[PDB]
Amino acid sequence: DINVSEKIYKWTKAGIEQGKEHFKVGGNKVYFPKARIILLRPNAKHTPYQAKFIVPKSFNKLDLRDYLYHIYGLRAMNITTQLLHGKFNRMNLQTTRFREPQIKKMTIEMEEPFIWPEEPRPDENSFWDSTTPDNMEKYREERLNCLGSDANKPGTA
Amino acid sequence: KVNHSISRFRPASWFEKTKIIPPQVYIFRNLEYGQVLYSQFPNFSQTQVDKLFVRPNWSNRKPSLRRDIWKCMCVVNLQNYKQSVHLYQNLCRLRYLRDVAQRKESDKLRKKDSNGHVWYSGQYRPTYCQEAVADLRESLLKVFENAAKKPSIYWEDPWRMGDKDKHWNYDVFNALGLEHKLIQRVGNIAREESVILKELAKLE
Amino acid sequence: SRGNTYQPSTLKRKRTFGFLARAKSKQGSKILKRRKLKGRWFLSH
Amino acid sequence: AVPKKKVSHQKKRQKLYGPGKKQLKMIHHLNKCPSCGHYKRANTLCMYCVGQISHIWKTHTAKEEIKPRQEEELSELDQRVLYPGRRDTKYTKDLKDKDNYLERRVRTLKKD
Amino acid sequence: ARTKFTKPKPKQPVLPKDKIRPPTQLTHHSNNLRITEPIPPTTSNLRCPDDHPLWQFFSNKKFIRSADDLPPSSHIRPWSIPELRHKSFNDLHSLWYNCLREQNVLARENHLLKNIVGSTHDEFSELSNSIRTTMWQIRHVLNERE
Amino acid sequence: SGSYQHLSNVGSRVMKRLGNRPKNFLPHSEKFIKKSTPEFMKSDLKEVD
Amino acid sequence: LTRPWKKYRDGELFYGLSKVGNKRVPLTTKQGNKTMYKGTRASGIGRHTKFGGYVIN
RNA sequence: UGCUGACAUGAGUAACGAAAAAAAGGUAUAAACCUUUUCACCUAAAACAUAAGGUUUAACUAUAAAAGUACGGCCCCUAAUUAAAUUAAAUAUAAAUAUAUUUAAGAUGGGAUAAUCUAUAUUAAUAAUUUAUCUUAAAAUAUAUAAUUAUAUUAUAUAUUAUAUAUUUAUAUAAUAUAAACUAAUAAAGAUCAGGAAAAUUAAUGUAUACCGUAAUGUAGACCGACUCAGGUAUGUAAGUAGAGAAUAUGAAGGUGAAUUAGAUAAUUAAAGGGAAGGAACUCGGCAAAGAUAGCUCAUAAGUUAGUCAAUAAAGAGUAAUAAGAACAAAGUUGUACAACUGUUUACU
RNA sequence: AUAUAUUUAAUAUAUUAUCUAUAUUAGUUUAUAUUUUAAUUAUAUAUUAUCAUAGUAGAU
Ligand SMILES: [Mg+2]
Ligand SMILES: [Mg+2]
Ligand SMILES: [Mg+2]
Ligand SMILES: [Mg+2]
Ligand SMILES: [Mg+2]
Ligand SMILES: [Mg+2]
Ligand SMILES: [Mg+2]
Ligand SMILES: [Mg+2]
Ligand SMILES: [Mg+2]
Ligand SMILES: [Mg+2]
Ligand SMILES: [Mg+2]
Ligand SMILES: [Mg+2]
Ligand SMILES: [Mg+2]
Ligand SMILES: [Mg+2]
Ligand SMILES: [Mg+2]
Ligand SMILES: [Mg+2]
Ligand SMILES: [Mg+2]
Ligand SMILES: [Mg+2]
Ligand SMILES: [Mg+2]
Ligand SMILES: [Mg+2]
Ligand SMILES: [Zn+2]
């Protein structure tokens, strides 16, 4: 016989050949999952063969793999988890400290390369014009943090 | 007892005596900094890393041995063990040149980011990988100049090598049987990478 | 030179002043109840 | 070591604005610039003209912006794939808006 | 420490010429190697499949659903509980999965809207909420039947 | 923005406090809000709960 | 300077808006000793081994 | 010497916290941001890896990637210890509770295998306190006439070549191959202060490898000091040249040149350098500041509790050095009082 | 070595400019040094500079 890694590889290959699961389906069935996954844009370090998702904080690597296969017919060969730090944020400064969410991301290596559709020109799509909200924010800041004779100063926003 | 197959630089004679694997060179990515590490074997220790990164700085950090962040990029099969060895040596030389002797020239070819540092996303720098490809190609060319099994470069990813035109279309390569067969994705390519490598070796 | 009397270590601080430490002992329970009655938002580390 | 009494409005005024030493003088010493009849300080090069000259020198003695050989013919899609533009931190953003914290030399009036 | 006195001892007899071994490796470098500009990877080398299952995270092949290309709330209505009540189990399951899929596409889009542009339009969010309501109704019906 | 707040609900108590502002100090917050909005967005009518 | 738009010495922090704050707050995975393991309702999957491994069930 | 708020006065005063900067270009926007070059500073660190810590400070939202082998946690196992937990009647007690005994928890420690890469699961049967590795012996190299003299070598850590046995892969053998340091493993062994605790084998059947830590900062602007505070803060590597050393000098590489600059350098202050003739005349008191004629090798009295204790003795010599000529180690002799002595003490007189 | 002109029958000679004194391998684990081997990888060459309390000392 042969060693464990090799065996695993063989199993995976067999699964692929079959056109079924390339991993031991857990004998633990959930019928109506409420989980959702966010498909993220790829970083400079990720290849086109890698894609990554924001997944539930309580999501298992195995579970993600399973989920992708069953719901989307996607074979994730290798999966890597990255849990992110929650940074302390506070709004007023008179209000309490608290941490922002611990968020969990997962990179998956697939066989077939994907690339995103190119993001819209800042005009053709109403929503993805990133300027107006920034402007609004700026205006708000001006309104709040102008104290005396800066009330007269002409608006930047 | 202490010195394993990886512990030392291994010449052609040693390989012949042993015959563990076919004559080839392995090239790995650092998957996080974006560095690249060459080797005569599918594994690698600290010593090799040290040899490769003699003069690091904030931009070119001495990378860790972190098992997980070293993923295999290239496996380049040649005809002779000696040839393979030569190629490996050339790669090392190129790396050295890039680092210490002709750093400035190298810099003058990289991509910058307004400030004028080498372009980065986090601590990942794309350019190193590119250099390693280019450098590798150069080394191969040199080897062939110096110079029947047909040579092949097994790629992690078809994407990673620029294009079949422009580069990889030198006459010398054409004259020899330089092939560009991508490795099989099929199973897990990170966890079961060693196994895959072994299989590849067996194939030749 | 005095002044630096608090020498943070997360283990020690959770183990001594933490919620679980308080809740485990009768005196601790009293303290927690007291803080609840005052309406403190934070019952202990 | 210490004031015995609160110093009266008068007294402080006279200490401050009283003597000549402490007063700002009027810059009498200033004259026409030979190249453009604007005001300039005497015995001093006009700051506009010199600046202009410097600019011209820069334009002429401009160093060749060493653009890499690869990135010039690098497909737009390919570029996007490679180098995706991140969001910059607050600090970086602040640094970028130079106009906010950085001053451009003002031009004098025309002497008559 | 070194001082006025200092007799520096020689290194070694360096084993007389004849006694040494021949080095195991003789020819090393290519004393002629050029530093060439890097070769950036190109996407032309790929063949991105059209029916790739990751396209299922987008509406059609589109980064953002435009305000015009969304289903307006005047037309769209969430499923009723009573109506659902007479639906097979399999069909219900299918519906649920569809809903989930839809949410995912909305979800990604919503995230993009929030994190990057920083918009407050929340159409996507509303849609997601509606979907969630339907899902919960379905769940309730399933429980009820049992 | 660049937050991830949407994916979580954290500082729930704090949110509740800031969401359910007592109604007698509603004039305060509203004034501030009015101050920090452009003329075309703002409306003279009082919101209902 | 740390930041060139603030030349003069103000009441500004090297980073953030206030050093102090409520320290009595639920701790996450990121804080604590090496030995502090929090976990995130992800693995009641298999069983730990006598030696350190993990056998999935 | 009311309390809270606001606003003055001192005052546009002191200070802006160990300090090396310059030019050109970004940018007819820059003392302070970035880039290049020059110069400097730290270098057994101001470097590179890390532990703890913390308003994520990072090279950032498209974000810190692990089946495991010079990867950590959890997990198994316990230490110190802890536990409204556990034995008509465990024992005792105004209540609270306390106690011994079991059970569980508890790292700062222990925990199979593994690049000629490795499998932890299930079932069935029957260690180490400290410290040293000398002397001898063996063989090797040269003088002299088998034995003497002098010298280095002597337990382990690979590669190459040549042989004999299974059949290029294995086994064993022989020969060849530097120095001073360090590491690990081996064996042997001296001291009294006598040196942790806790969880078996074989066979059959198995394995799809979970969770979390991972940025940067870490002799510090990112911790503890109310401050971007000359304080406090754990571990490893710490280029060569030199030398007994991690001393001291330099500094290859890396890093850094800073939330104040520019001038001027009065009196005066601090921290230094030099000083004729004097040499303690100063002063409470040689306080302070001078003052070192080898750091290696010799040579070193009285006294004495016999310990080169005194002793690193003073003086003195050998090598080096003849008035021009690094830094660091090294600053005398004697009497008396008190206390044997090394230690401990009033964190902040 | 490369670049640029010259002569020669792309090659070689010589001129000018720029850049270069490296690097890899052996010698039983590591690191450094030495010597070999590889390579174009050098001067008991002139003159400087920096640091060591102005590095130290003699004059000034
Ligand atoms: Mg692996
Ligand atoms: Mg305090
Ligand atoms: Mg206690
Ligand atoms: Mg603090
Ligand atoms: Mg931490
Ligand atoms: Mg009163
Ligand atoms: Mg005054
Ligand atoms: Mg004054
Ligand atoms: Mg002053
Ligand atoms: Mg300062
Ligand atoms: Mg400038
Ligand atoms: Mg040193
Ligand atoms: Mg560091
Ligand atoms: Mg236990
Ligand atoms: Mg400090
Ligand atoms: Mg007197
Ligand atoms: Mg006197
Ligand atoms: Mg001394
Ligand atoms: Mg005493
Ligand atoms: Mg120095
Ligand atoms: Zn003018």
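Its PDB header attributes the entry to cryo-EM and lists the resolution as 3.200 Å.

*Asks:* Mind laying out the protein's contact with RNA strand H, listing which residues take part and the relevant values?
*Replies:* What surrounds RNA strand H is a group of 152 residues, the closest being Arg65 of chain A, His117 of chain B, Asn115 of chain E together with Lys30 and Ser43 of chain G. Within 4 Å of the protein, atoms of RNA strand H come from sugar and phosphate in 60% of cases. Counting residues per element, the surface near RNA strand H draws most heavily on strand β3 (residues 78-84) of chain A, at five residues. For the surface near RNA strand H, the class distribution of residues is 45 nonpolar, 54 polar and 53 charged.

*Asks:* Go over the sheet that holds strand β1 (residues 38-40) of chain A with me, naming the residues and quoting the values.
*Replies:* Here we have four strands laid out as an open sheet, ordered β1-β2-β6-β3 (chain A), and antiparallel in their pairing. Of all the strands in the sheet, just β1 and β3 of chain A have a single pairing partner and so form its edges. Neighbour to neighbour, the strand axes of the sheet diverge by 30° on average, direction disregarded. Pairing of β1 of chain A with strand β2 (residues 50-55) of chain A, which is carried by three bridges, proceeds in the antiparallel orientation. The residue bridging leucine 39 of chain A from the neighbouring strand is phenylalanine 53 of chain A, located in β2 of chain A. Seen against the sheet, helix α2 (residues 61-72) of chain A touches β2, β3 and β6 (103-109) of chain A and runs at an angle of roughly 125° to β3 of chain A. Together, β1 and β2 of chain A form the strand contacts of helix α2 (residues 89-117) of chain E, whose direction differs from that of β1 of chain A by roughly 55°.

*Asks:* Summarise the packing of aromatic side chains; cite the residues concerned and give the values.
*Replies:* Tallied over the full model, the rule gives 29 aromatic pairs over all chains. Ring centres of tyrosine 91 of chain D and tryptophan 5 of chain G lie 5.5 Å apart, and the angle between their planes is 45°; this geometry places the pair in the tilted category. With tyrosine 91 of chain D in helix α4 (residues 90-96) and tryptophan 5 of chain G in the segment before β1 (47-48), this pair bridges two chains. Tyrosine 91 of chain D gets classed as partly exposed once you look at its relative accessible area, which sits at 35%. Its relative accessible area of 23% is what places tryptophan 5 of chain G among the partly exposed residues. Joined through ring pairs, the aromatic side chains of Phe114, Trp116 and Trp128 of chain A together with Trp55, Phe58 and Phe63 of chain E make up one cluster. A cation over an aromatic ring shows up here: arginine 107 of chain D above the ring of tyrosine 48 of chain D, its NZ or CZ 3.6 Å from the ring centre.

*Asks:* I'd like to hear about the interface of chain A and chain E, residue by residue, with values.
*Replies:* The interface is formed by 41 residues belonging to chain A together with 41 residues belonging to chain E. Approximately 3800 Å² of surface area, both sides summed, lies buried where chain A meets chain E, with 74% of it carried by carbon and sulfur atoms. Looking only at chain A, the three residues that lose the most surface to chain E are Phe32, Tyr72 and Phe127 of chain A, adding up to 23% of its buried area. Remark: the boundary between chain A and chain E carries zero salt bridges. On inspection of chain A and its partner chain E, the count reaches eight residue pairs in polar contact. When residues of the side of chain A that touches chain E are assigned to their parent elements, the largest contribution, four residues, is made by α2 of chain A. Here the residues of the side of chain A that touches chain E sort into 29 nonpolar, four polar and eight charged.

About the thresholds
Residues numbered from 1 in each chain as written, not as in the entry; some residues may be left out. Chains lettered and ligands numbered in written order. Part of a larger assembly, values for the part shown. Heavy atoms only, no water. Residues with missing side-chain atoms left out of burial classes, pairs and counts. Near = heavy atom within 4 Å. Helix = DSSP H or I, 4+ residues; strand = E, 2+ residues; numbered from the N terminus. Nonpolar A, V, L, I, M, F, W, Y, C, P; charged D, E, K, R; others polar. Pairing = 2+ DSSP bridges. Axes fitted to C-alpha atoms, helices over the stretch in contact; angles between N-to-C directions. Contact = heavy atoms within 4.5 Å. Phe/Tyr/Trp six-rings, centres within 6.5 Å; stacked < 30°, edge-to-face > 60°. Buried < 20%, exposed > 50% of the residue type's maximum accessible area, 1.4 Å probe, protein only. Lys NZ or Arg CZ within 6 Å of the ring centre and 35° of its normal. Buried area = accessible area lost by both parts, 1.4 Å probe. Salt bridge = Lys/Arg side-chain N within 4 Å of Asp/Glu carboxyl O. Polar contact = N/O pair within 3.5 Å; in protein donor to acceptor, adjacent residues only side chain to side chain.

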